[PDB]
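**Student:** my complex, first installment, coordinates as in the assembly:
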Amino acid sequence: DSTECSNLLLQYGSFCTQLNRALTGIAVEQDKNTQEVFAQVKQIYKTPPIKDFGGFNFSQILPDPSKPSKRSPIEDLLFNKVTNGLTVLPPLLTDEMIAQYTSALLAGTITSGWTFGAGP
Amino acid sequence: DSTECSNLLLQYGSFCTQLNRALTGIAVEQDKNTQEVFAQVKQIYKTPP
């Protein structure tokens, strides 16, 4: 809150503008990264109620309806095992949205193979 | 080897720690690069005589 320090800091030009601009570029690039990784399908697919996949069992990778976050057991294990003018900006996609995107990808690749990645 | 210069340098904080940490990261990164290029098989094969 020092006024004399800020008065001196105006003599240094637009260094602060450069740093804020670079950090803003990094911040939007993180969201762009998450979009390009996960938001690859515009149809949200759901798995059928009957899990008859010819003996194949996807319960460890499919979402658990019991959990409040609707995460898979492996996803829940991953989230459990990974633990002055500065502000932390929240990501655009929440963990629930990324879980829904992953769930849509899993449902598409289980019920439709590779066809959902190239069209209907 | 100057102790007065090092005492004055300590007042600049942890710049030296950052530079050493970055250089160490680069150094281990080179070894990781070599491992990932060449050590792709854990099996040593020999051509027949």
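**Tutor:** That came in fine, so what should we check first? Numbering: from 1, shown residues only, chains lettered A, B, ... in the order given.
**Student:** only C-alpha atoms from now on, for both contacts and neighbour counts.
**Tutor:** Noted.
**Student:** now do the lengthiest helix in chain A: distance to the chain's middle.
**Tutor:** In terms of residue count, the longest helix belonging to chain A (DSSP state H) is helix A:15-38. Mean-position distance between helix A:15-38 and its chain equals 15 Å (C-alpha atoms, centre = their mean, to the nearest Å).
**Student:** which residues sit against that helix?
**Tutor:** A:89, A:91, A:92, A:93, A:98, A:101, A:102 (C-alpha atoms under 8 Å, 6 or more residues apart in numbering or on different chains).
**Student:** which of those are buried?
**Tutor:** A:98, A:101, A:102 (16 or more other C-alpha atoms under 10 Å in any protein chain shown).
**Student:** which members of those are positioned in strands?
**Tutor:** Assigned to strands by DSSP state E, none of these qualify.
**Student:** ok, so of these, who is nearest residue A:114?
**Tutor:** Ranked by distance to residue A:114 (C-alpha to C-alpha), the buried ones among the contacts of helix A:15-38 are led by residue A:102 at 15.1 Å.
**Student:** what about residue A:116, distance to residue A:74?
**Tutor:** 24 Å (C-alpha to C-alpha, to the nearest Å).
**Student:** how about the secondary structure of residue A:67?
**Tutor:** At residue A:67 the chain is in coil, as set by DSSP: H, G, I helix; E, B strand; the rest coil.
**Student:** and it, how many neighbours?
**Tutor:** Per other C-alpha atoms under 10 Å in any protein chain shown, the neighbour tally for residue A:67 reads 11.
**Student:** that older thread, give the buried residues for the longest helix of chain A.
**Tutor:** When burial is assessed from 16+ other C-alpha under 10 Å, helix A:15-38 yields the following buried residues: A:27, A:38.
**Student:** name the next helix or strand downstream of that helix, please.
**Tutor:** helix A:73-81 (DSSP states H and E).
**Student:** just give me how far that following helix sits from the chain centre.
**Tutor:** Worked out by C-alpha atoms, centre = their mean, helix A:73-81 lies 15 Å from the chain centre.
**Student:** using CSV, write out every CA atom in that helix.
**Tutor:** Taking Å, rounded to 0.1, in the frame of the first residue of the first chain, the C-alpha atoms of helix A:73-81 are listed here in CSV:
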residue,chain,number,x,y,z
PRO,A,73,-12.7,-46.0,-8.6
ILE,A,74,-9.4,-45.5,-10.5
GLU,A,75,-10.1,-41.8,-10.9
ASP,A,76,-11.0,-41.5,-7.2
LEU,A,77,-7.7,-43.3,-6.4
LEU,A,78,-5.8,-40.8,-8.6
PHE,A,79,-7.5,-37.8,-6.9
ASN,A,80,-6.8,-39.3,-3.5
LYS,A,81,-3.1,-40.1,-4.2
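**Student:** tack on chain C:
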Amino acid sequence: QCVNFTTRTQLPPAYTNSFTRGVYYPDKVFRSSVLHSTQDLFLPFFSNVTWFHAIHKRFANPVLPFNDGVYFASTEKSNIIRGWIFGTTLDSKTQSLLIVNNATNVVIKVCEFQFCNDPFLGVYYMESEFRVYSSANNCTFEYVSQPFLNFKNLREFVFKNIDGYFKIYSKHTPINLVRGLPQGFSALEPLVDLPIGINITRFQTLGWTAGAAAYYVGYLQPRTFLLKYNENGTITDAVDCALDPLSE
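**Tutor:** This next block brings in chain C, placed alongside the chains you saw above:
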């Protein structure tokens, strides 16, 4: 009034290991569940500290150089140690400290005293014998505070002269080992700071019978520690950054 003693049996002082004691709070700052590293005058772990014995005949009251920092440990029972002597030459030519604890309260005085070559007390089994000085010419600061007080009780003390502030640290520790120091960790809290602002480079610890008494002397050295603060804010463990490579 001073008296020479000659019934002592001559014996060199012993040395003993320091173990993992001697860590004190470097500042008045609270910390919780964090690891803090600081550069301050610290006693290296597992060093030889001077050992002084008093038993019957031993009555060790030598005069030692202060250097830049001194560690006092005292496996003390029935309170045989009653004071301390701090100064440069310990006579009326110069100015010294008088830090004592008699039967009523503790007195801190900064005066030009005339100390005896053999300063000692005496208890009749009631104390009525005070032989620690012969004159007191010029005082410059007087201070009265609250009293600080098989070997049962352990007293730890650290003394420093940094920029005219005389920092005293202390802890009372319940011990049950008879002969030597115990093994364990104990953080020393700051008890009193004395704004003395004087030169100090030498000090002394304060028929007949020699009561069962013992104490230790260690020295403080500039180095770096890594101190662990728990949730309640007490220093539970410490790491000397220059002791051995694992700690480094």
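**Student:** re-run the earlier check on the contacts of helix A:15-38 with chain C in the model.
**Tutor:** Against helix A:15-38 from outside (C-alpha under 8 Å, 6+ apart): A:89, A:91, A:92, A:93, A:98, A:101, A:102.
**Student:** now it and helix A:95-111, what's the angle there?
**Tutor:** Angle, helix A:15-38 to helix A:95-111, by axes from the mean of the first three to the mean of the last three C-alpha atoms, to 10 degrees: 30 degrees.
**Student:** and which of the contacts of helix A:15-38 is nearest residue C:209?
**Tutor:** The closest of those, once distances to residue C:209 are taken by C-alpha to C-alpha, is residue A:89, at 75.4 Å.
**Student:** which SS state does the residue most central in space within chain C fall under?
**Tutor:** Geometric centre of chain C, nearest residue: residue C:72, 3.1 Å, by C-alpha atoms, centre = their mean. Of the three states, residue C:72 takes strand under three-state DSSP.
**Student:** could you report the separation of residue A:1 from residue A:84?
**Tutor:** Relative to residue A:84, and taking C-alpha to C-alpha, residue A:1 is found at 11 Å.
**Student:** before we move on, what about residue A:20?
**Tutor:** 15 Å.
**Student:** what sits up against stretch C:40-54?
**Tutor:** Contacts for stretch C:40-54 (C-alpha under 8 Å, 6+ apart): C:13-23, C:26, C:59-60, C:69, C:71, C:210-225, C:240, C:243.
**Student:** typed the wrong thing, it's stretch A:58-78
**Tutor:** With C-alpha under 8 Å, 6+ apart, stretch A:58-78 has contacts from A:96, A:99, A:103, A:106.
**Student:** count of residues packed around the second one?
**Tutor:** Each residue near residue A:99 was counted by other C-alpha under 10 Å, and the total is 19.
**Student:** who's in contact with it?
**Tutor:** By C-alpha under 8 Å, 6+ apart, the contact set of residue A:99 is A:70, A:71.
**Student:** again, 10 Å this time
**Tutor:** A:38, A:63, A:69, A:70, A:71, A:72, A:75, A:93, A:105 (C-alpha atoms under 10 Å, 6 or more residues apart in numbering or on different chains).
**Student:** likewise for the first one?
**Tutor:** Contacts for residue A:96 (C-alpha under 10 Å, 6+ apart) come out as A:68, A:69, A:70, A:71, A:102.
**Student:** equivalent analysis for the last one, please.
**Tutor:** Residue A:106 sits next to A:45, A:46, A:47, A:58, A:61, A:62, A:63, A:100, A:112, A:113 when contact means C-alpha under 10 Å, 6+ apart.
**Student:** include chain D too:
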Amino acid sequence: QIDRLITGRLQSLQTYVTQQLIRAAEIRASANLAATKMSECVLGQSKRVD
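**Tutor:** Putting chain D together with the chains above:
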């Protein structure tokens, strides 16, 4: 003295932003690789070895 503090803290901030940009470039390369893996291994079957 304030100018000395300003240039020191400004140098620290610029060093932080520069290393953040470098880490962001590395993370962006990793995320582009992750998107490529998502497209070619999840949305299809890949003939590329390893």
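**Student:** with chain D now part of the structure, what is the answer for the contacts of residue A:99?
**Tutor:** Counting by C-alpha under 10 Å, 6+ apart, residue A:99 touches A:38, A:63, A:69, A:70, A:71, A:72, A:75, A:93, A:105.
**Student:** the same query, at a cut-off of 7 Å, please.
**Tutor:** residue A:71 (C-alpha atoms under 7 Å, 6 or more residues apart in numbering or on different chains).
**Student:** tell me which helix or strand the residue in chain D that chain A sits nearest to sits in.
**Tutor:** Residue of chain D nearest chain A, by C-alpha to the nearest C-alpha: residue D:35 (4.2 Å). In the assignment (DSSP H and E), residue D:35 maps to helix D:2-37.
**Student:** circling back: the residue of chain D closest to chain A - nearest residue in space that isn't next to it in sequence?
**Tutor:** Nearest non-adjacent residue to residue D:35, counting by C-alpha to C-alpha, 6 or more residues apart in numbering or on different chains: residue A:37, 4.2 Å away.
**Student:** once you drop chain neighbours, what's closest to residue C:232?
**Tutor:** residue C:32 (6.5 Å).
**Student:** ok, that neighbour touching residue C:235?
**Tutor:** No: with contact defined as C-alpha atoms under 7 Å, residue C:32 does not reach residue C:235; the gap is 9.5 Å.
**Student:** so what sits against both of the two?
**Tutor:** residue C:229.
**Student:** against chain D, how distant is residue C:67?
**Tutor:** Computed as C-alpha to the nearest C-alpha, to the nearest Å, the residue C:67 to chain D distance reads 35 Å.
**Student:** can you tell me the element that residue falls in?
**Tutor:** Using DSSP H and E, no helix or strand contains residue C:67.
**Student:** equivalent analysis for residue C:133, please.
**Tutor:** strand C:127-145.
**Student:** partner strands of that strand, parallel or antiparallel?
**Tutor:** Next to strand C:127-145 in the sheet, as set by DSSP bridges, lie strand C:106-123 (antiparallel).
**Student:** which one's more surrounded, residue C:32 and residue C:235?
**Tutor:** Using other C-alpha under 10 Å as the criterion, residue C:32 and residue C:235 rank with residue C:235 on top: 22 against 13.
**Student:** for residue C:194, give me its contacts.
**Tutor:** Neighbours of residue C:194 in contact, by C-alpha under 7 Å, 6+ apart: C:165, C:166, C:167.
**Student:** mind putting those in TSV, neighbour count and secondary structure included?
**Tutor:** Output for the contacts of residue C:194, formatted as TSV (neighbours: other C-alpha atoms under 10 Å in any protein chain shown; DSSP: H, G, I helix; E, B strand; the rest coil):
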residue	neighbour count	secondary structure
C:165	14	strand
C:166	18	strand
C:167	18	strand
